[PDB]
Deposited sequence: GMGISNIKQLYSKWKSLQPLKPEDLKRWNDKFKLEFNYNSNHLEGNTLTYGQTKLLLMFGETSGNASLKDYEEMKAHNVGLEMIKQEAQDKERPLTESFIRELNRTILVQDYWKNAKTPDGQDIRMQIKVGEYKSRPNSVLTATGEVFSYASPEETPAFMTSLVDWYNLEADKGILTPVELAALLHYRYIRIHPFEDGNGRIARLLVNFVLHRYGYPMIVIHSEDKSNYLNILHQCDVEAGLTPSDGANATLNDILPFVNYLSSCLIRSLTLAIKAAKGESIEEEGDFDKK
């Protein structure tokens, strides 16, 4: 109702005047890169981040690595935009792997390859992701599933995005970067279908984790149960992404009308 009105208004303002559109895109690039990386412990400040993405300048105290991952993640964003815009290109395992390879700049000791040692965590309540053995089978199922949903056109982009994020995050296929891939995949879906991309804000991290911790109890605690989580299982997370989309739509409409955003 509220979201549907905002969406309708957004569609009516397409296309945005390029200077209004640039302001929107600039702000999003900034906030998405900052927040998505901050959620995973990147300690670049907002200034450090902004001066990197807008001017390629470094400032204050940091590690080269923080600048590299932040920069690589932005290359990742560009990748999903281009992949999404080519509407006839189905979601591929190879694209997701290249995404991992990209955003995590280079190999490591305990990139772009599925997990070989388990990626689990004993939060005392254990978190069981896909086993290294079943991961490739689970991933082939995920992309096949996604593209089938894309064909039959029943799910809304928010729903499909939410479920893609959830199932992916439950498989947790790579040794690292799975949080950022999940969130990149959401914005892949939204961008492809003409929605403004969303920013899960790192200030809301506990809420974000909480919402997914509710879904976890609903779907089933095994790695199979996560991979096969239904839409009705993940309803609280569908609502969560919708509230983000409400924020994006409101800001984007504001930009289209020439009003201030920053």
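Ranges lacking C-alpha coordinates, please, mapped onto the deposited sequence and listed in sequence order.
Absent from the structure are positions 1-4, 115-129, 143-144, 284-291.
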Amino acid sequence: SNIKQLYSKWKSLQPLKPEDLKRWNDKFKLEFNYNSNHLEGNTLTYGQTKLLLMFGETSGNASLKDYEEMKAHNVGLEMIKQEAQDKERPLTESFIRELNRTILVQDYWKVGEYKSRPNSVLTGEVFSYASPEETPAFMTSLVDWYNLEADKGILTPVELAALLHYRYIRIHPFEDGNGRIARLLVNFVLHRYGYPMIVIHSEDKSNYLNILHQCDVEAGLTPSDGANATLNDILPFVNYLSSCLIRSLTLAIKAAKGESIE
From here on, numbers count along this sequence of modelled residues.
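Look over 111-119 and 69-77 in the entry and identify the one with the greater average Cα temperature factor.
Going by the record's values, the stretch with the higher mean is 111-119.
Going by the mean C-alpha B-factor recorded in the entry, which is higher: 56-64 or 207-215?
The stretch with the larger mean CA B-factor is 207-215.
Is the Cα B-factor recorded for residue 143 in the lowest, middle or highest third of its chain?
Middle third.
Going by the recorded CA B-factors, say which third of the chain residue 244 sits in, lowest, middle or highest.
CA B-factor rank for residue 244: middle third.
Relative to the other modelled residues in the chain, which third contains the C-alpha temperature factor of residue 202: lowest, middle or highest?
According to the entry, residue 202 has a C-alpha B-factor in the chain's middle third.
According to the PDB entry, is the CA B factor of residue 250 in the bottom, middle or top third of its chain, that is, lowest, middle or highest?
For residue 250, the deposited C-alpha B-factor lands in the lowest third.
Comparing residue 26 with the other modelled residues of its chain, is its CA B-factor in the lowest, middle or highest third?
Lowest third, going by the recorded CA B-factors of the chain.
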